[PDB]
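Engineer: PDB entry and its sequence, pasted below:
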Amino acid sequence: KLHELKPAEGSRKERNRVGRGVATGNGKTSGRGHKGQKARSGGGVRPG
Amino acid sequence: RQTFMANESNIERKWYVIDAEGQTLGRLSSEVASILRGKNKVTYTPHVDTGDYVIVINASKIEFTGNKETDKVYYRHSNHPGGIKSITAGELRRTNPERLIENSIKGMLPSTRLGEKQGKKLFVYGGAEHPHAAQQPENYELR
Amino acid sequence: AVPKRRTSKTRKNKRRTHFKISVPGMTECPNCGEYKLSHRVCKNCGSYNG
Amino acid sequence: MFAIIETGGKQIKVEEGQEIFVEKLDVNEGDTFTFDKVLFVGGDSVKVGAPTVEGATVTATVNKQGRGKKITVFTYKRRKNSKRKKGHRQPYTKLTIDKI
Amino acid sequence: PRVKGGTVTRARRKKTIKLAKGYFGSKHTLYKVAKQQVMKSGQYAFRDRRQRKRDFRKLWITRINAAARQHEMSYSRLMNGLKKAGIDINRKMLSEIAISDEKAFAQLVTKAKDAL
Amino acid sequence: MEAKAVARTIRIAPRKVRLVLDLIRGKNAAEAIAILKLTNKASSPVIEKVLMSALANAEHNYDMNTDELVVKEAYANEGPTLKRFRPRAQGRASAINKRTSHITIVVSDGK
RNA sequence: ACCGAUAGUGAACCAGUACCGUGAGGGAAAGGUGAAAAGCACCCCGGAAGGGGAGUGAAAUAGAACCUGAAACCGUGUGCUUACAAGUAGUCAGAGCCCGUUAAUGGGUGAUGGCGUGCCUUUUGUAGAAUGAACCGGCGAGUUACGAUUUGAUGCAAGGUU
RNA sequence: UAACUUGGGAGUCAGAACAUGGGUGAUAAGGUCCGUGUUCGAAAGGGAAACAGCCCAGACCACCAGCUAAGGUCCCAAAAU
RNA sequence: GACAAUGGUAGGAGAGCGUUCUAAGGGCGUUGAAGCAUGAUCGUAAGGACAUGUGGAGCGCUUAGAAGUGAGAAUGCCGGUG
């Protein structure tokens, strides 16, 4: 029924949001680390 | 929680007199300090005064050991630039024997607000006669 | 020089303990019936005795 | 008179008609309880010693089975983004002594 | 859709300011200063719950020492004598007996001396 | 029973008025009038009209006698601020606050 | 399954306007009484502004500076405490003095005793005399499109899919 | 009571003190460069007066219970004048 | 019921709270909604109720869906006030 809906078991998962407080585990640096070329906006080196 | 706490509604204080003739200065001062605080009672409470009053007569003929008569020196500073004073313990005995005993005992008490009040119950006299006969002081022997 | 710290409201009010004004110093005129300053003339009928 | 009883980890000093607070027991509210371990009895009657007094039980009745006030546990470390928060309510058992 | 603030930021900030009543000056008024002091209060209380047990054991032992000296013996020899007999009464109960029942304590000092 | 009068939006700084209000707080009505007439401050005549208006309210609106009256309450509250500027040196301007106050006086017969 | 007056066009309002520049050019802030103006006749203090009554209205602490009306900050009155004392201002213990709850081993204040050098960032290492914040409020930072790969679910199966 | 293999996701490439085996310096440095252990980093609690790196010892929570380690027992300050 | 584990920065993994809008079902409201204020209340945390004042017209609950979805700090921007 439209008021009792249920997706299949294990078929959905919630996305992870970074930069939303220290308790989440991805708060300040958002998983990037400390002060490098790979910690800047725009990324780093070419894939090869 | 069963622990008893003493307070001013039920504190009892009494008076003692102690003879300072033929005793070492430091061995007598350590015992007097344990009495002014109240460490000899079963109702000792840390945050209230429980100890008793002490009268010290015959403040002269207090005895040192070794060469302390000339070697032990007391220093003070007047908080003015270049002013520091000095006096020998053998010289203070013959000119202010009451201060010699009084300062030694006061150095063995905590320097809190309660410590100053607990140190105001000591009376020291250089002779064998005291004027506190309105109370009923009792003779005390040193452990 | 400039202040190193902000002054709190407790310290500010302590400093203003003595900042106030006094009473004028007035007496009653026994011709006017109303108040006047000592050693000054009355302002109601403009009389000064003595 | 009075007795010393061992109610698990700790000891209590009890008289008759006195209400006491202990840690949670398996009894229900209203039923009777017995303290089988008594270490000392005094008063006018002859003083008895230790390690255990031969018999000498104490009886009491259960009044309430509740929990204590909530205390918040909080710790943190400065300059390290680490902290924790926890609540706690400790359960107790209320009793009233009636026969030593 | 656009989600704005309101009724969420104010609610949680009032909870912190309400735990700091009685504090001096701006430490019960301004949120940022009050937030710091409330964290230090929780850190202090955790430490002080465990120091409260060391503070009260010392007080009982001091009182047992004074009572025992009135019977011509020290604290250290009193606990050895009781242990050699098996009294198993802790320091909290011995202190409560010396204050209240003066001649019941003397019933325990004798047995501590009987076993030496 | 009490009577009151209010003067709103008076162009005087609030903390200059409060100095005068400290002298007449708690005095008889006849004594407060004399104090205000003999004090040589700027805000004394302004407060004089507020107390006179409140005294006349106790005689027409109500039925109270002006011989047993006292000054029960006398306080000043802040009003809107007028924002101005002052040209300083080197091409800079400094702000100036022209402040305003609300003045209230209550006179009570007692009871 | 777009915004709801710091948003949405710079501009919901006499806005490319006030204003700024020789000029090209740059550019704001400002919405809300009430269902109905029925927008306070009349009396009192004053030169006036402002107010106290009396009336209108369901309501005037809805009176045009008008729906609701938070915080910083400024004042008035009161229960407990403070003028011999060395304070990151709290925490644990604790007399005395006042109150009475979402009724429960209750609330307010605090004579004294023990312990105790803010937060963030950056560092081998910070109470640091290394950086940043005067206070309060609003706003302010891993998203979407198209491809690749891997994991879970579902349908069919030597076939699957447009 | 771990180890090896195949896949998805990382951070790290400025380290410091103590003891010990050596080079360099001057058998100087809280110096500098290597080998071998510990602790800090990323570790609260007790001792060394105070004192990241020294000695003891690894905090899930509550209790006004007991036994110990380092270090201590005349007074401050708990326990042998 | 018996035993065992539970300090932690960079970083990996898991389970949840709350906010605005949509769908379906079921409800509350002038005999007084949201918002605001106070309170000695409940849960392990994010947080949720109730009572009383003010307020004068909208708003919750259950299961799903989608995001302009959470602020203490950038010599941050705008307004008010020391």
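Structural biologist: Looks like it came in fine. Numbers count the residues shown, from 1 in each chain, chains lettered A, B, ... in the order given.

Engineer: Please list the residues of chain A that sit near RNA strand H.
Structural biologist: Taking CB under 7 Å from any atom of the strand as the contact definition, chain A meets RNA strand H at A:31, A:32, A:33, A:34, A:36, A:38. To be clear about C-beta, it is placed using only N, CA and C from the backbone, and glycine gets the same treatment.

Engineer: Just flag the most distant two among the residues you listed.
Structural biologist: Spatial extent of the residues of chain A next to RNA strand H (CB to CB) is set by the pair A:31 and A:36 at 12.9 Å.

Engineer: is residue F:71 in a bridge, and if so with what?
Structural biologist: residue F:107 (DSSP bridges).

Engineer: give me every residue that touches it.
Structural biologist: For residue F:71, the contact set (CB atoms under 8 Å, 6 or more residues apart in numbering or on different chains) comprises F:24, F:25, F:26, F:27, F:28, F:29, F:32, F:51, F:105, F:106, F:107.

Engineer: Residue A:31 and residue A:36: which is more packed in?
Structural biologist: Using other CB atoms under 10 Å in any protein chain shown, the more surrounded residue of residue A:31 and residue A:36 is residue A:31, with 12 against 9.

Engineer: Run a quick neighbour tally on the closest residue to the more buried one other than its chain neighbours.
Structural biologist: Leaving aside its sequence neighbours, residue A:31 sits nearest to residue A:18 (CB to CB, 6 or more residues apart in numbering or on different chains; 6.1 Å). When neighbours are defined as other CB under 10 Å, residue A:18 has 13 of them.

Engineer: Residue A:18 in helix, strand or coil?
Structural biologist: Secondary structure, DSSP: H, G, I helix; E, B strand; the rest coil: residue A:18 is coil.

Engineer: from chain B, which residue is nearest to RNA strand I?
Structural biologist: residue B:1 (20.6 Å; CB to the nearest atom of the strand).

Engineer: oh sorry, the question was meant for chain C
Structural biologist: residue C:6 (4.4 Å).

Engineer: Likewise for chain F?
Structural biologist: Shortest chain F-to-RNA strand I distance, computed as CB to the nearest atom of the strand: residue-wise this is residue F:81, at 4.9 Å.

Engineer: State the distance from the residue lying closest to that residue once chain neighbours are set aside to residue C:7.
Structural biologist: Of all residues not flanking residue F:81 in the chain, residue F:97 sits nearest, at 5.2 Å (CB to CB, 6+ apart). According to CB to CB, to the nearest Å, residue F:97 and residue C:7 sit 19 Å apart.

Engineer: Strands of chain D, start to end?
Structural biologist: D:3-6, D:11-14, D:19-23, D:32-35, D:38-41, D:58-62, D:73-77, D:82-86, D:92-99 (DSSP state E).

Engineer: The third one close to chain E?
Structural biologist: Read it as strand D:19-23. No: using CB under 8 Å from any CB of the partner chain, strand D:19-23 stays clear of chain E, with a minimum separation of 14.1 Å.

Engineer: before we move on, what about the first one?
Structural biologist: Yes: applying CB under 8 Å from any CB, one finds strand D:3-6 touching chain E at residue D:4.

Engineer: rewinding a little: phi first, then psi, for the residue of chain F closest to RNA strand I.
Structural biologist: Phi and psi for residue F:81, reported as degrees, to the nearest 10, are phi -100, psi 140.

Engineer: Am I right that the residue nearest to residue F:81 sits in a strand?
Structural biologist: Yes: judged by three-state DSSP, residue F:97 forms part of a strand.

Engineer: bridging residues for it?
Structural biologist: residue F:83.

Engineer: same check, this time on residue B:123
Structural biologist: residue B:55.

Engineer: Check whether residue E:22 sits in a helix, strand or coil.
Structural biologist: coil.

Engineer: Also residue E:5?
Structural biologist: If you use three-state DSSP, then residue E:5 falls in the coil class.

Engineer: Please enumerate the helices of chain B.
Structural biologist: B:25-37, B:68-71, B:89-92, B:97-106, B:113-118 (DSSP state H).

Engineer: what is the orientation angle of the fourth one with helix B:25-37?
Structural biologist: Read it as helix B:97-106. For helix B:97-106 against helix B:25-37, the angle between stretch directions is 70 degrees (axes from the mean of the first three to the mean of the last three CA atoms, to 10 degrees).

Engineer: which other helices and strands contact helix B:97-106?
Structural biologist: In terms of contacts (3 or more CB pairs under 8 Å, 6 or more residues apart in numbering or on different chains; DSSP states H and E), helix B:97-106 is packed against helix B:25-37, helix B:89-92, strand B:122-124.

Engineer: mind listing what the closest residue to residue C:33 other than its chain neighbours touches?
Structural biologist: Spatial nearest neighbour of residue C:33, excluding adjacent residues (CB to CB, 6+ apart): residue C:44 at 7.9 Å. The contact partners of residue C:44, taken as CB under 8 Å, 6+ apart, are C:29, C:32, C:33, C:34.

Engineer: Show the buried residues in these.
Structural biologist: C:29, C:34 (16 or more other CB atoms under 10 Å in any protein chain shown).

Engineer: Looking at the contacts of residue C:44, which is nearest RNA strand H?
Structural biologist: residue C:34 (69.6 Å).

Engineer: how close does residue B:26 get to residue B:32?
Structural biologist: 11 Å.

Engineer: Excluding chain neighbours, what is closest to the residue nearest the centre of chain B?
Structural biologist: Using CA atoms, centre = their mean, the residue of chain B that lies closest to the mean C-alpha position is residue B:105, 3.9 Å off. Of all residues not flanking residue B:105 in the chain, residue B:29 sits nearest, at 4.7 Å (CB to CB, 6+ apart).

Engineer: Quick one: neighbours of that neighbour, just the number.
Structural biologist: Count around residue B:29 with other CB under 10 Å applied: 21.

Engineer: Break down chain F into its helices, ranges please.
Structural biologist: F:14-24, F:29-38, F:44-60.

Engineer: Minimum distance to RNA strand G: which of those helices has it?
Structural biologist: The nearest among the helices of chain F, by CB to the nearest atom of the strand, is helix F:44-60 at 3.6 Å.

Engineer: near chain D, which residues of chain A?
Structural biologist: Checking chain A against chain D by CB under 8 Å from any CB, the hits are A:22, A:27, A:28.

Engineer: The residue nearest to the centre of chain B and residue B:122 touch, don't they?
Structural biologist: Yes: Residue B:105 is within contact range of residue B:122, at 6.1 Å (criterion: CB atoms under 8 Å).

Engineer: Which neighbours do the two have in common?
Structural biologist: B:32, B:36.

Engineer: Surely residue B:90 is in contact with residue B:66?
Structural biologist: No: counting by CB under 8 Å, residue B:66 is not a contact partner of residue B:90; they are 11.7 Å apart.

Engineer: okay, these two: which has more neighbours?
Structural biologist: Using other CB under 10 Å, the more surrounded residue of residue B:90 and residue B:66 is residue B:90, with 16 against 8.
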